[PDB]
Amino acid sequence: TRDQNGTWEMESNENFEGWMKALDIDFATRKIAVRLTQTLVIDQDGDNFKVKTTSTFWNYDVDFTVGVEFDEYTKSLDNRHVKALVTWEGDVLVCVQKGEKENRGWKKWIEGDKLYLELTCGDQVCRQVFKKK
């Protein structure tokens, strides 16, 4: 299934610190960030996605259209410009963010009622698993 619609709650998070460090997120932010529960809310209609990740202190929101490149400013995540593209590889949603950082982007896919999110930057891979609310 490509259907990633829904409200998802984090259950797992391997190497979050290392991924944030790869983006040069400041020590004080990471120290608090590693403690927080995350909710991920996805609205998916055809190619049009609206993605919202929320926690007690910070959010990250992005809209995109599958198959359409977009010049993106990463806004308070890490304040960098990237050329972003989100496409399908089978039932895996693959984002590549071309810019300063190598191997930067993410992959989302569904297994049963769990959503898997691999976040990549440099040589760091962060793996998150969400369960559907």
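Counting begins at 1, following the sequence as shown.
- Legend: mean Cα B-factor per stretch from the PDB entry, 80-88 versus 24-32; the higher mean is in 24-32.
- The PDB entry reports B-factors from which the mean C-alpha value can be compared for 64-72 and 51-59; the larger average falls on 51-59.
- Looking at the C-alpha B-factors along this chain, the one for residue 110 belongs to the middle third.
- Sort the chain's modelled residues by C-alpha temperature factor and residue 10 lands in the highest third, per the entry.
- Placement of the Cα temperature factor of residue 125 within the chain: highest third of the modelled residues, per the deposited record.
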